[PDB]
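Asker:
4 protein chains.
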Amino acid sequence: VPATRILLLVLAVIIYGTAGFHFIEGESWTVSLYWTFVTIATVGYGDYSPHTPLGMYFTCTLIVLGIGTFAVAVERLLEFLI
Amino acid sequence: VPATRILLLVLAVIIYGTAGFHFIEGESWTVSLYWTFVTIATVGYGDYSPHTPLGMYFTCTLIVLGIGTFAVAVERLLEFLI
Amino acid sequence: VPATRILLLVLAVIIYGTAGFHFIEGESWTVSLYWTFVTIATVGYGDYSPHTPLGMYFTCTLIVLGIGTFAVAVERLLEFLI
Amino acid sequence: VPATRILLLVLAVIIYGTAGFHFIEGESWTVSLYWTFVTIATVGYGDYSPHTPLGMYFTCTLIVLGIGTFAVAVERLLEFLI
Ligand SMILES: [K+]
Ligand SMILES: [K+]
Ligand SMILES: [K+]
Ligand SMILES: [K+]
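Protein chains in written order, with the UniProt record's numbering: chain A, 18 to 99; chain B, 18 to 99; chain C, 18 to 99; chain D, 18 to 99.
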């Protein structure tokens, strides 16, 4: 799949994750964006995490939709810098 | 391996993880499902984790049986939406 | 690489990780084994982690020697159950 | 890509991550090196993490530039030990 398409896909995941965390868990846009990257990259510091059932469900959806997309995006980015 | 078979395998892992954590560590079904995803996806927030020796042994079994299965499931899911 | 050789390699990693965390960080053998799996699988709950400079150095060595070995072991294990 | 080149690339990531965390978040050089490995390997214990907006932005940059580089480095290292 074209690298630029994979870029748009991961940007869409990032918007989804960030807006979701912001509105569901109430954290700031900046913290939510950070939490989104930390989650889809599978880092998972745990400094931020969902504390509501809706947030937990949402996080599972983000995990399923976002980890693979992020992994593909990283590997494509590798091809370009490297 | 057929995508639908991989689906059944990851659903089986999810049931195993969720019921195990619920019964061993005593967390609610919802928290246990969430913890299962967070674990097999290798996110590992650490907001929930086992606090008993049996829970620790169980978590190691889940890690070994579940991380690979979830990884294959994600990559198969990639192909379908993408 | 033969699957059984990969098994021995990951067992060697597990022994190294467990003994090291036990002796350097002072946690029980059981906690240390659990921490080793949680680390080399890249889950990283953070319920346990090194609190000394030697422990931090050691953990970096385990990360480098163990994450790859564990990942290959998992994928070979997938071939056998699946 | 030649293994030695991948080695230089991951060393550059490690320097970037370590110096960045040290200067932005104020942790010691040793803690910062440890945090860098824990982050780019995707372990993410969360015993250390950024607490400023600049640190969060920086961490996202390190995650994008470093996780892929580390993954390739680990797999090349595997080829040599194994
Ligand atoms: K983690
Ligand atoms: K991970
Ligand atoms: K993790
Ligand atoms: K954590």
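Heads up, the beta-carbon is just placed ideally off N, CA and C, and yes, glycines get one too.
Just the chain D side, please: which residues come within less than 7 Å of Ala-29 (chain A) by C-beta, in chain order?
Answerer: Here residue 29 (chain A) refers to the residue found at position 12 of the first sequence. Correct list: empty, because the minimum Cβ distance to chain D is about 16 Å.
Asker: Count the C-beta pairs between the region 78-86 of chain C and the region 76-88 of chain A that are closer than 8 Å, then say yes if the count reaches three, no if not.
Answerer: Contact fails: fewer than three Cβ-Cβ distances are below 8 Å.
Asker: Going along chain B in order, which residues have a C-beta closer than 9 Å to the C-beta of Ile-32 (chain C)?
Answerer: Taking the first residue of the third sequence as 1, we reach residue 32 (chain C) at position 15. Neighbours of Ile-32 (chain C) on chain B: none; closest Cβ ~14 Å, over 9 Å.
Asker: With a Cβ-Cβ cutoff of 8 Å, do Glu-42 (chain D) and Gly-72 (chain D) count as a contact?
Answerer: Taking the fourth sequence and counting its residues from 1, one reaches residue 42 (chain D) at position 25. Taking the fourth sequence and counting its residues from 1, one reaches residue 72 (chain D) at position 55. Yes.
Asker: Kindly indicate which three-state DSSP category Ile-32 (chain A) falls into: helix, strand or coil?
Answerer: As a first step, residue 32 (chain A) is located in the first sequence; it is residue number 15 there, counting from the start. Reduced to three states, the DSSP call for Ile-32 (chain A) is helix.
Asker: Pick out whichever of A:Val-55, A:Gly-37, A:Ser-45 has its Cα sitting closest to the Cα of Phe-75 (chain A).
Answerer: Locating residue 75 (chain A) in the first sequence gives position 58, counting from the first residue. Closest by alpha carbon: A:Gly-37.
Asker: DSSP three-state call for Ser-45 (chain C): helix, strand or coil?
Answerer: Here residue 45 (chain C) refers to the residue found at position 28 of the third sequence. Here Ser-45 (chain C) sits in coil by DSSP.
Asker: Should the region 83-94 of chain B be called in touch with the region 24-33 of chain B, which here means at least 3 C-beta pairs below 8 Å?
Answerer: Contact holds: three or more Cβ-Cβ distances are below 8 Å.
Asker: Considering Cα atoms alone, identify which of A:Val-89, A:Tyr-65, A:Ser-49 is closest to residue 154 (chain B).
Answerer: What the structure shows of chain B is the stretch from 18 to 99, and residue 154 (chain B) is not part of that stretch, so it cannot be assessed.
Asker: Output needed for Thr-59 (chain B): all residues of its chain with C-beta closer than 7 Å, excluding positions within five of it in sequence on either side, in chain order.
Answerer: Reading the second sequence from its first residue, position 42 is the one you call residue 59 (chain B). Same-chain partners within the cutoff: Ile-84.
Asker: Output, in chain order, the set of chain D residues within a Cβ distance shorter than 8 Å of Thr-76 (chain C).
Answerer: Walking along the third sequence from the start, residue 76 (chain C) turns up at place 59. In chain order: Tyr-51, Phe-54, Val-55.
Asker: Is any heavy atom of ligand 4 found at a distance shorter than 7 Å from the C-beta of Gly-43 (chain D)?
Answerer: Indexing the fourth sequence from 1 puts residue 43 (chain D) at position 26. Not so, every heavy atom of ligand 4 lies at least 7 Å from the Cβ.
Asker: Go ahead and label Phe-97 (chain A) buried or exposed: buried means 16 or more other beta carbons lie within 10 angstroms of its beta carbon, across all protein chains shown.
Answerer: Along the first sequence, read from residue 1 onward, the residue named residue 97 (chain A) stands at position 80. Exposed is the call here.
Asker: Between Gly-61 (chain B) and ligand 4, is the CB less than 7 Å from at least one heavy atom?
Answerer: Locating residue 61 (chain B) in the second sequence gives position 44, counting from the first residue. Yes, Cβ of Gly-61 (chain B) sits closer than 7 Å to a heavy atom of ligand 4.
Asker: Taking a cut of 8 Å between CB atoms, which residues from the region 57-68 of chain B lie near chain A?
Answerer: Per Cβ criterion, the list reads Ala-58, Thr-59, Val-60, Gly-61, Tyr-62, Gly-63, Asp-64.
Asker: Could you give the DSSP three-state label for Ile-99 (chain D): helix, strand or coil?
Answerer: By one-based count along the fourth sequence, residue 99 (chain D) stands at place 82. Three-state DSSP puts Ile-99 (chain D) in coil, outside helix and strand.
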